[PDB]
Amino acid sequence: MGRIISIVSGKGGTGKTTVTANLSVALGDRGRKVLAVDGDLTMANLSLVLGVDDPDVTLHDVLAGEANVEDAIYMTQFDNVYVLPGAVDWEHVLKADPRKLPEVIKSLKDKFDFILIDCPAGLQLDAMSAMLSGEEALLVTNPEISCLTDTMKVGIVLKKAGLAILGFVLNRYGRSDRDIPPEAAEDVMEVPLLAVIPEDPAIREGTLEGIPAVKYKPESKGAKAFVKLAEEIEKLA
Ligand SMILES: Nc1ncnc2c1ncn2[C@@H]1O[C@H](COP(=O)(O)OP(=O)(O)O)[C@@H](O)[C@H]1O
Ligand SMILES: [Mg+2]
């Protein structure tokens, strides 16, 4: 398929890595070959969340021109799921040229059905370089008006940049009695609501376990919502 999807947001801590990891496993479980990419250069967490904790070669090495991207592709314990991990040390962060993200990622298009890019939030250099490496964008936001409007702005930017905006995910819903309900959130976002991921301790547990909740705790509300999201993502093909 070769669909490159940028997982983005207007703010950090909204669930980008969580959505990237769970969606990857959900899609992989449906038989699709997935590459989870950690484009969050200053806060590499994706590989750890997928249980790959010891990679010697990372995207940072590739972006520094010190390694071929082929050598930064690792297996994960999940069927059909591979990862392009990021380094955590500052020296690696410094030497990774973010401007080379688009060319590096797109060169892998023919080897996967889905390439999900975990992006840092915002509109600064690293964020833009990562988001612009994708062809499609999945907006991730929380039930906060400020988070919604900020994420909306990112979507508009990406839309103008040429990316197909698939829609958005309303994550961490139910965390507070002040949360904006889905119907209203969609009315605000101006893009299709693809899934509501509830606030669920099971998701946090998966994060700490290094095994996405979608697989670690398959009967949790969070797991089931991600399975549905994966179904929706495939339909929008
Ligand atoms: N729906 C949810 N329910 C409970 N905890 C969640 C949910 N979504 C994310 N989290 C937790 O919130 C934290 C931030 O998520 P993360 O994906 O790392 O954010 P981001 O990549 O946007 O910075 C993580 O520790 C994660 O386990
Ligand atoms: Mg993250």
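Atom set for the values below is all heavy atoms of this structure, side chains included, hydrogens, waters and symmetry mates excluded. Sequence positions, counted from 1, serve as the residue numbers for this chain.
- Checking side-chain atoms of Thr58 against main-chain N and O of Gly86 turns up no donor-acceptor pair under 3.5 Å.
- For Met43, the CE atom counts as loosely surrounded, since its 6.0 Å shell holds 12 or fewer non-hydrogen atoms of other residues, nucleotides or ligands.
- A side-chain donor-acceptor contact under 3.5 Å links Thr17 and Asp118.
- Atoms CD and NE2, on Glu66 and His92 in that order, are 9.5 Å from each other to the nearest 0.5 Å.
- With hydrogens and angles disregarded, no donor-acceptor distance shorter than 3.5 Å links the side chain of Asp150 to the backbone of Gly10.
- At least one test fails for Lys33 against the ring of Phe114: distance under 6.0 Å to the centre or angle within 45° of the axis.
- Note that the NE2 atom of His60 and the CG atom of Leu94 stand 9.5 Å from one another [nearest 0.5 Å].
- Listed for the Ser9 side chain is no donor-acceptor partner under 3.5 Å among the backbone atoms of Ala121.
- Separating the CG atom in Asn22 from the CD1 atom in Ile211 is a distance of 11.5 Å, to the nearest 0.5 Å.
- A donor-acceptor pair is defined here as one N or O able to donate and one able to accept, closer than 3.5 Å; such a pair exists between the side chain of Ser176 and the backbone of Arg178.
- For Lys217, the side chain to side chain donor-acceptor pair (under 3.5 Å) partners at least two apart in sequence or on another chain are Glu205.
- Residue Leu84 holds its CG atom at 10.5 Å from CD of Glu70, rounded to the nearest 0.5 Å.
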